Amino acid sequence: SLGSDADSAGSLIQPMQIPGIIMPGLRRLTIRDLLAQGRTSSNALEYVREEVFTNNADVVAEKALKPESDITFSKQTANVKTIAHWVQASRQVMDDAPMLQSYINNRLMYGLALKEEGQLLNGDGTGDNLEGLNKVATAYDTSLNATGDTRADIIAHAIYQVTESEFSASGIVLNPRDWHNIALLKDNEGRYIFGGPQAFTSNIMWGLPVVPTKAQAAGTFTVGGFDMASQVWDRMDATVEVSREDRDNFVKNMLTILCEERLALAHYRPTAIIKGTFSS
Amino acid sequence: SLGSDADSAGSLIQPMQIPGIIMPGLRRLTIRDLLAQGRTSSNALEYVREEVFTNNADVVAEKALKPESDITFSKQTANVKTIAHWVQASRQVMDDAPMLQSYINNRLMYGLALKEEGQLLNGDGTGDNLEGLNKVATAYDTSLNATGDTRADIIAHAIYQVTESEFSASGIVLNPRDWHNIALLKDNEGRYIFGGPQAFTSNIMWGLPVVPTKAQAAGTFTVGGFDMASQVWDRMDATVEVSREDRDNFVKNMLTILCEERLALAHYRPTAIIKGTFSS
Amino acid sequence: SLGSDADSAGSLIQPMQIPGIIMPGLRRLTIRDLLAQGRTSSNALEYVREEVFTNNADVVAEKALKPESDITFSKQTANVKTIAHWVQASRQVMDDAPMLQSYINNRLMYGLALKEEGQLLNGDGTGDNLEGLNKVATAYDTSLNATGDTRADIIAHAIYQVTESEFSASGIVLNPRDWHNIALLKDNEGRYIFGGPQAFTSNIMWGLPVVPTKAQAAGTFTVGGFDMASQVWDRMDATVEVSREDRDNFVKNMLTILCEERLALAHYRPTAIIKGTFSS
Amino acid sequence: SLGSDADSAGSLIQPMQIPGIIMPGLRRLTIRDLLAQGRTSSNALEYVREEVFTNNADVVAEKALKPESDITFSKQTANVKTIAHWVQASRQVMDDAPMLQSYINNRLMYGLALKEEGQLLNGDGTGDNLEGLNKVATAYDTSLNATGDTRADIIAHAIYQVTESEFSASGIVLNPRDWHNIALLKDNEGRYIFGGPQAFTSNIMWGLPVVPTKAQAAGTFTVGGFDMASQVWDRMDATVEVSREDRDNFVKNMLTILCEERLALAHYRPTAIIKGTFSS
Amino acid sequence: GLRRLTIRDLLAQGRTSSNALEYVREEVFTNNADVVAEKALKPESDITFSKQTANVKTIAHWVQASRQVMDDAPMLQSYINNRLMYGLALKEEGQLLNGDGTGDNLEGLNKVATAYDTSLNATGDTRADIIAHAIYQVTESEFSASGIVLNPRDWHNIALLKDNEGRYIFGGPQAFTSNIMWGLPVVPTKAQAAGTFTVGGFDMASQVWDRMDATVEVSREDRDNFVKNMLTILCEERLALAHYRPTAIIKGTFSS
Amino acid sequence: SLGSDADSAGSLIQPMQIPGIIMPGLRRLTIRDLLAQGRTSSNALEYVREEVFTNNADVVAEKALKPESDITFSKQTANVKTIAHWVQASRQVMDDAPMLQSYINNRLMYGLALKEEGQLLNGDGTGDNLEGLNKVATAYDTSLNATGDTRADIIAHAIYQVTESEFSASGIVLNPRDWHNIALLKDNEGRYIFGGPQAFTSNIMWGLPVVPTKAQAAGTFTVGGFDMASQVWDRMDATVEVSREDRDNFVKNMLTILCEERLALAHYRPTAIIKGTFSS
Amino acid sequence: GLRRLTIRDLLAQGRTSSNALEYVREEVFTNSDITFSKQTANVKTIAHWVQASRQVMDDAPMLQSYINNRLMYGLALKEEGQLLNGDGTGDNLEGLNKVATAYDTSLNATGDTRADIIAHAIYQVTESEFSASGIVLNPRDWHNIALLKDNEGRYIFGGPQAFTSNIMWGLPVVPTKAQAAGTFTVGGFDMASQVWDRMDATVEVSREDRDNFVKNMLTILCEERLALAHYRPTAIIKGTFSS
């Protein structure tokens, strides 16, 4: 018996190589594209906004004292932060596998862009963390909730609250799961609100485009006129550098790869952004 | 450690200046544009309307004396009122900030026109306050309210009460807060009345354009044929003047900025306007 | 102080006169248009109708006396009544105010034509008054009312009662308020029977044109085939002539304006008209 | 004093004559239009109609005896009955009123065809009366009624019972009032089953033409294949003859007008006609 | 046009000229195709066949009436004829649908048809809901259903189904409902017993073979006849029902 | 008696032969077409996929140590299995029935391909069996189930779970039995969400094509982006060879027919496939 | 060609082309108020089959036509029965004896003969505003009548010397066996009640029949269908010959 087992003639057949590497789910970036992309060259930004406009204009009787109106201002600061991470690899591995170099680069950019988007949306606003949209966003009005309101009614309300600043909304940010449980809403009769089982509804709600991102926490929603309520300032575009002489890399026969970026998030009109919690 | 800290070498870096002052939300003016416009150059206005038309036109018997009809007239007057306000600023701020005056000018106009619109609607009528639409408007008929009516029905009822003057309506004034809860109405099944979540309904109701304005008090509505019920008469347009010698301004090294305007609201047909209140 | 007050220099500024007199609401005249229009040069009208048709036609046995049928007739008369009214005015007022002349004319004509419509619909028939559509109209058959009928069903029933005399109905006449409450009917769900809030329903129901007129008493409705049931006969069109020699007039420098008209309403088929009362 | 009343010169005014006469509601003739029409020339008509078809057709074994099946029909006879009536009028009237006769003719023909339609539908069958559709008609199957059926369901049921004889139903005969109370049916939610308030529905039910004649008694209904099952035989068409020599007419200046007609109703397939009563 | 949707039309119509018909169908396909270990013995598959026969049966009936009525009344002559055809064709279905299969009776559909799945019945189903289930059971043979057979009585109450709202399911009173269900034609036959229903892919699962068309003949001189001055009318027909796919037909009971 | 049975002249008439054979129900092959059909020429396959991407990208303080990120890989193998079966028939049968040869071929193919599909879906994975989709697929997230969900709701949930891998779904796989009970879903009123007893609904759900095959187990269901999550590699196409000299087939006048095939199933992204159970 | 008058000849002969007929009779008359009735005359068939053998029929052409004539006569004798004593029920014709008015016994004179009774009946014919036509008797009865003598010996009817054919009181006599033994009938058949012939007496044959084909026998049949109508039931009188 001359089989193709290991302990036989099987050591003659070489398994076919599948050209290429299998990359996991490539998340579609959104948050960054929702804002204005301007670039700077300094470590901070200073914009000026009208604080308190005490308008006392009124009807004045003939030959009488007219009303006095006062205005207030403020200098708002927006610091630039830095995001980055490095990978220490074997100088040997890099030579034995050429395509690895180009791969690591494309993978470090995505890896960075993720925690970038994660900042733009949920920036703690503390020490180094950026002042993310959700930290700035004016809290949702708990009074807009009426008897028997669907989860969809809430977002509808949110959209209005944006108008309380005389500004049109741009889009809606929801966690994919929440968006899901919403499209599957039914009426007291049993029917489907968005679309019959015959076809999955498009990503639109109340005329406004919907943006489902895993970056958005579960049970948290954000609505506003992002297209011009805040803008991102690029001090330095994300780039990848490599050093052979870094530390003891020359001695351990290693290679250090770096991928960094410098961002600065400015929040012009916080009244045009709303964050809330899906009470359920 | 030569960092960018405040106590270190972080003094050479100057934050990038972002040009332009950030103006808040600009409330879209409407009430002014609704009413017919015309101007005068007098202190007041005098129009005459048919008061009491005693119509006794009846069937007359042959060889008999016919009926006598009478027509009464009245002289109605509409006084011109003045609206204004001033800002006492410092000369220091004025010279050190060039584009400031230019800003205040294009700011006081809005601040004034805001009260202008606020007057035309909720005009007190007492003293120097204008006799706004809500004061003149014939009160809503509580009798029209039937058991099981939504806020949408009430407005529909009002549109009819306007017809009792043989004049068709042309607009519906509502507080954005209320207009919202109306657009988001549901039936027993659960479906939306104005439009499914797929898209937001346009600002129209019963064939008549809806005008949502923050100038309209919450829980108050106004309907009528404004385009032919009342007319605004402008004596003097919004003007801005500055004075260096006003009072002790010369000594205190100050500068006063004034912004005034002269109006006159006439109400030809009060029966063509209605004011109401939602009881809920 | 030199103010615009009365007890001051306010005597030099004369209020601007607004050209034009403000007429009240002019009711859109109908009814007279629903009926056929003919002209006459006599003082009365005589037409003939089949009174009683005694049809005894039946099956006849061989060699037997047959049934004798009989027919009765009648001479129906429609007298010509005169409607008018006059107005006595001072020669001063008429000369000092030129436009007044032509104004009074356009007012008496309306005031006259108003009572004209008022007769055609609710004519007492008492001597001088015309026999209006309602005094003639065949009463609604209460037996048609089923359990749980809406005010809309009632009209539908009425329309049929006309067919019960082999005659097609022309239109429906109701008080504006009633027509309103009708158009705003809802089902056990909430949907609008005639039209969702999007737009107001057209003045049409059950294929027949609806005619809302303040001339129609509240709670009263009149359905029928007016186009081929009744006819209006004009002896003399509405004319307006003035004279200042009428009695005292010349010696008191007065002016008497007259506005007369001669009519005659004929009711050919009273069975084709229906009047009734809604259940409160 | 010179009026238009009797006392004065009112004698000079002669009322305007209205050319023409007013005929009452001319009922639209049907029923006989639903049946097959044929001409004859006999005093009666001996025919036959399949009563019982004993079908014994079955699978036959080879060299075996075939099944004997017979068709038993009864020999029914359709007698020729005569319908008519006459009018004894004054000769003075006939000469003074020219077109009077022409009227009476077209008037008696109507009265005749009217009581004719009354026979074809509800013919007693006793003596001189014909065997009307409702007499011959096979009773409705009460077992077809189910829990919670509407009047509309019943007719639908009947239509099926017509198929028991295997013959497509020609139409549905109902009393105008019943047909009415049917068109105005609503579902358990409110919506209109037929046309809605917007427009009246056509006289069609279950694809079959509906015939609403006052000839049909209230609460009674008839469904079947009229255009196939039964046939009308015209011995003598409806004609009108006049004679002033009849009896003692010549001696009293009288004119006797006769309107006669000879008929004969046959029923080929009685199983194809259903009659019933609406239980309320 | 009273096409009661002839039950025959639902089946393939072919002509023959012999005593009977013989077709071959695959009985048992023993499929053992499976994964095979290297250098090992493979699975042996097998196939079974059968020579299924469909006999040609004869259907007919006769009547005897006086000649003085036939040759004397011509339009009646053809009447009796056209009635015997209807009478025969009516019993024709009677076999095609409920054939005993024994003796001379044809092997009817219901006899062959695979039983209905009593488990498919869910809590709170309509009558039409069940028929829908049947349409699926037909798919257990990889064949699109072709038609639905029902008793006029049952079918009647079917088209009159209503929702908890009030409206009709098959059609608002404005117009009559056409004989169709889930896109499948429906045949109302008195031949189909009440409470019984038949569904399947008739279009290509069973075929009817006509040996002799329904013909009517008369005999002036048959036995007695000549003496009794009578006449014997005969309406015969020769059929043969073949059943290719039995799994493609369903029979059940409206448990309600 | 001269009949046509055995004991008579029935042997003279030969039964009519029906052309060819009647093949049973041929199941529709689907699964194989849902995947990528690749070609090979080896014994096995080696593809590399990124395992654990330890992304530690974060916001770094000035002049501070950066976050170290790491990446992990793996070499996944896909073995080539062999599927086949043979059938030895009598030499006689083959020569006496020419149509048989080509028939057996067509049957062995359908028989093989049938067990092929039976592997691709529910491949055990152990021994020589392939690693079928179901044994690879990620289990359905029970958490996604909300109170009051239909079977159709669950499938909708699965479609989302696919997106949780940043990949769009391709189709739905269900046992016709379960799929059936789904198309027959009704609302609280009783209407069919898909059909409505007029026409059978198409095999499409939520915009995605539905695939009902007996290959899928009862109660089990699979959803994912098949046309990209996996790939089938063919080493040897389905071929049928005939041997007459196989062992003692020469001496027994036999003939063996073989039908072999070589496959290899690869599972690139298991996260893009879901499997579950309908608890009910 | 039997030289004898037929009851068929007595009545008026006409043709028809219908299933039945709608004619009108005459009941009573109180001489006023006359009575009439719209009656029906059904066209019923009559005939009698005769079967022999083809071995004889094919071996004699002269005998062929012979039987045809022997049956035509055999038919008339049966046809005569349907006309006279016709039951008028199932497949029987509206008979004469059934429709005929009974004899008036109050017309018999004590001392007359058997023939005198016949003369009395001829008179009752006039009592209907009609003229008499003929007499129908039983051969045996009619025989005894022709052979009558008085108390002395002389012939009542008349000697063979100046004898002729079948007449009595100047009227045709039809001696039929269909007439019961001791019964008679008189009427104005010539213009009273007549017969309408739908189909004349035709003859057809068939080798295939009840047996025939297997027995080699052949069946012969003379089918004839007609209708008998009675216009004046008063113009006919049937009576019982009392003896």
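Definitions and cut-offs
Residues numbered from 1 in each chain as written, not as in the entry; some residues may be left out. Chains lettered and ligands numbered in written order. Heavy atoms only, no water. Helix = DSSP H or I, 4+ residues; strand = E, 2+ residues; numbered from the N terminus. Areas by Shrake-Rupley, 256 points an atom, 1.4 Å probe, with all protein chains shown as cover. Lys, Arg positive; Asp, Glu negative; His and termini not counted. Charge placed at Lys NZ, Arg CZ, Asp CG, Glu CD. Contact = heavy atoms within 4.5 Å. Polar contact = N/O pair within 3.5 Å; in protein donor to acceptor, adjacent residues only side chain to side chain. Patch = residues over 30% accessible without salt bridge, like charges linked within 9 Å, V, L, I, M, F, W, Y side chains within 5 Å. Salt bridge = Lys/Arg side-chain N within 4 Å of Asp/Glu carboxyl O. 1 Å grid on protein atoms, 1.4 Å probe; cavity = no way out; pocket = protein on both sides within 12 Å on 5 of 7 lines; lining within 4 Å. Points joined across faces, edges and corners; volume = space filled by probe spheres on them. Nonpolar A, V, L, I, M, F, W, Y, C, P; charged D, E, K, R; others polar. Buried area = accessible area lost by both parts, 1.4 Å probe. Pairing = 2+ DSSP bridges. Least-squares fit on C-alpha atoms. Buried < 20%, exposed > 50% of the residue type's maximum accessible area, 1.4 Å probe, protein only. Axes fitted to C-alpha atoms, helices over the stretch in contact; angles between N-to-C directions. Core = buried A, V, L, I, M, F, W, Y, C linked by side-chain atoms within 4.5 Å. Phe/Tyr/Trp six-rings, centres within 6.5 Å; stacked < 30°, edge-to-face > 60°. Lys NZ or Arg CZ within 6 Å of the ring centre and 35° of its normal. Arc of directions from axis to C-beta. Parallel < 35°, antiparallel > 145°, perpendicular 65-115°, else oblique. Left-handed = near helix turned anticlockwise from the far one by under 90°. Domains from an automatic or database assignment.

Some remarks on the overall build of chain G
A count of helices and strands for chain G gives six helices and 13 strands. Reported as C-alpha extents along the three principal axes, the dimensions of chain G are approximately 65 × 50 × 25 Å. Carbon and sulfur atoms form 51% of the exposed surface of chain G, whose accessible area is close to 13800 Å². A gap of 6 Å separates the mean positions of the 23 positive and 29 negative side-chain charges of chain G.

Overview of the environment of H180 of chain A
Along the chain, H180 of chain A turns up in helix 6 (residues 176-183). Taking the C-alpha atoms as reference, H180 of chain A lies 10 Å from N203 of chain A; in sequence the two are 23 residues apart. Those residues within four positions of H180 of chain A in sequence are excluded, and the remaining contacts are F200 of chain A together with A156, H157 and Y160 of chain F. Polar side-chain contacts of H180 of chain A include one of 3.1 Å to the side chain of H157 of chain F.

Some thoughts on a nonpolar patch on the surface
On the surface, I21 and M99 of chain A together with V48 and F73 of chain F cluster together into a nonpolar patch covering about 320 Å² of accessible area. You can see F73 of chain F is positioned in strand 5 (residues 70-79).

Quick look at the layout of surface pockets
Approximately 1600 Å³ is the volume attributed to the second largest pocket. Around the second largest pocket, the lining is made up of 40 residues, and of these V48 and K75 of chain D together with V69, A73 and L76 of chain E lie nearest the centre. Elements with a minimum of two residues in the lining of the second largest pocket: strand 3 (44-46), strand 4 (49-53) and strand 6 (71-74) of chain D, strand 5 (57-66), helix 1 (67-70) and helix 2 (74-98) of chain E together with strand 2 (20-24) and strand 3 (38-42) of chain G. By residue class, the composition of the lining of the second largest pocket is 21 nonpolar, eight polar and eleven charged.

Quick look at the interface of chain F and chain A
Tallying the contact residues gives 55 residues for chain F and 52 residues for chain A. Between chain F and chain A lies a buried interface of about 4700 Å² when both sides are counted; carbon and sulfur atoms form 57% of it. The three residues of chain F that bury the most area against chain A are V59, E166 and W206 of chain F, which together make up 16% of that side's buried surface. Taken together, the connections running from chain F to chain A amount to seven salt bridges. Its salt-bridge partner being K214 of chain A, residue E166 of chain F comes within 3.3 Å of it at the nearest N-O pair. At the boundary of chain F with chain A, the tally comes to 33 residue pairs in polar contact. Listing elements by their share of the side of chain F that touches chain A, those giving two or more residues are strand 3 (44-54), strand 4 (58-59), helix 5 (151-163) and strand 9 (204-205) of chain F. Counting residues per element, the side of chain F that touches chain A draws most heavily on strand 3 of chain F, which supplies eight residues. Residue composition of the side of chain F that touches chain A, by class: 24 nonpolar, 15 polar and 16 charged. Two elements, strand 6 (residues 81-90) of chain A and strand 4 of chain F, share two bridges in a ladder whose sense is antiparallel.

So, the relation of the copies chain F and chain A
Screw-axis analysis of chain F against chain A gives a translation of 1.9 Å along the axis, an RMSD of 0.6 Å, and a rotation angle of 61 degrees. Of all interface residues in chain F, a mere 5% are interface residues in chain A too; the two copies therefore contact each other through different surfaces.

A look at the pairing of strand 10 (residues 171-174) of chain D
Residues and elements named next belong to chain D. Alternating positions in strand 10 separate into two faces, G171 and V173 on one and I172 and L174 on the other, with burial throughout. As defined by bridge partners, strand 10 adjoins strand 13 (residues 220-224) across four bridges and the pair is classed as antiparallel. Residue pairing for strand 13: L174 is matched across the bridge by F221. Strand direction decides the pairing type here: strand 10 and strand 12 (residues 208-212), joined by three bridges, are parallel.

Things to note about the sheet that holds strand 4 (residues 58-60) of chain A
Strand order in the open sheet formed by four strands is 4(A)-6(B)-14(B)-13(B), with antiparallel pairing between adjacent strands. With partners counted over all chains shown, the strands left at the sheet margins are strand 4 of chain A together with strand 13 (236-243) of chain B, one partner each. Taken pair by pair, the neighbouring strands of this sheet meet at an average axis angle of 35 degrees, ignoring direction. Direction of pairing for strand 6 (residues 81-90) of chain B relative to strand 14 (residues 254-263) of chain B: antiparallel, over a ladder of ten bridges. Bridging from a neighbouring strand, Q88 of chain B pairs with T256 of chain B of strand 14 of chain B. In the packing of helix 3 (residues 99-121) of chain B onto the sheet, the strands contacted are strand 4 of chain A together with strand 6, strand 13 and strand 14 of chain B, and the crossing angle to strand 14 of chain B comes to about 35 degrees.

Let's talk about the nonpolar core
If you look at the biggest cluster of nonpolar residues, it comprises 59 residues, and the most contacted ones within it are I155, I172 and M205 of chain C. Sequence-distant contacts of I172 of chain C, defined by excluding residues within four places in its chain, comprise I155, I159, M205, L208, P209, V210, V211, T222 and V223 of chain C. Listed in part, the 32 residues of the second largest apolar core include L130, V211, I257 and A272 of chain F.

With respect to the packing of aromatic side chains
Under the defined criterion, the tally for this structure stands at 42 aromatic pairs over all chains. When the ring of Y140 of chain C is compared with that of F221 of chain C, the centres are 5.9 Å apart and the planes differ by 65 degrees; the resulting orientation is edge-to-face. Here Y140 of chain C is found in the loop between strand 7 (138-139) and helix 4 (151-163), whereas its partner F221 of chain C is found in strand 11 (residues 220-224), with 81 residues between them in sequence. A single burial state applies to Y140 of chain C and to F221 of chain C, both of which are buried. Among the aromatic residues, those joined into a ring-pair cluster are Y140, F221 and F278 of chain A. Stacked on the ring of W86 of chain B, the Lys or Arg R247 of chain B has its end atom at 4.8 Å from the ring centre.

Observations concerning the sheet that holds strand 10 (residues 208-212) of chain B
Residues and elements named next belong to chain B. One open sheet holds the six strands; their spatial order is 7-16-11-8-10-9, and the pairing between them is mixed. Strands at the two margins of the open sheet, each flanked by one partner only, are strand 7 (138-139) and strand 9 (204-205). Where helix 5 (residues 151-163) meets the sheet, its contacts fall on strand 7, strand 8 (171-174), strand 9, strand 10, strand 11 (220-224) and strand 16 (273-277), and the angle it forms with strand 11 comes to roughly 35 degrees.

Some words on the arrangement of the chains
Kept free of each other, chain A and chain G leave a smallest C-alpha distance of 71 Å between them. With respect to C-alpha atoms, chain C approaches chain G no nearer than 14 Å, and the pair has no contact.

As for helix 6 (residues 139-146) of chain G
All names here are of chain G. Among all positions of helix 6, only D141, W142, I145 and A146 are buried. Across the axial projection of helix 6, the buried residues extend over an arc of 135 degrees, all falling on one side. Summarising the contacts, the buried residues of helix 6 are in contact with helix 5 (114-126), strand 7 (134-137), strand 8 (167-168) and strand 9 (171-175). One side-chain oxygen at the N-terminal end of helix 6 lies 2.9 Å from the backbone nitrogen of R140; it belongs to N138.

Examining the packing of helix 4 (residues 127-137) of chain E against helix 6 (residues 176-183) of chain F
For any two helices packed against each other, one specifies the crossing angle of their axes together with the interaxial distance. It is at 11 Å that the axes of helix 4 of chain E and helix 6 of chain F come closest, and there the two elements cross at 155 degrees. Comparing the axis directions of helix 4 of chain E and helix 6 of chain F gives the class roughly antiparallel. For the pair helix 4 of chain E and helix 6 of chain F, the sense of crossing is right-handed. Across from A132, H133 and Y136 of chain E in helix 4 of chain E, the residues of helix 6 of chain F making contact are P176, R177, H180 and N181 of chain F.

Observations concerning the domain arrangement of chain E
All names here are of chain E. The domain boundaries assigned to chain E delineate domain 1 (6-112 + 206-244) and domain 2 (113-205 + 245-256). Its C-alpha centre places domain 1 at a distance of 25 Å from the equivalent point of domain 2. At the junction of the two partners, domain 1 supplies 15 residues and domain 2 supplies 18 residues. Together domain 1 and domain 2 conceal approximately 1400 Å² of surface at their shared face, both sides included; 61% is due to carbon and sulfur atoms. Linking domain 1 with domain 2 are five residue pairs in polar contact. Listing elements by their share of the side of domain 1 that touches domain 2, those giving two or more residues are helix 2 and helix 3 (109-112). Residue composition of the side of domain 1 that touches domain 2, by class: seven nonpolar, five polar and three charged.

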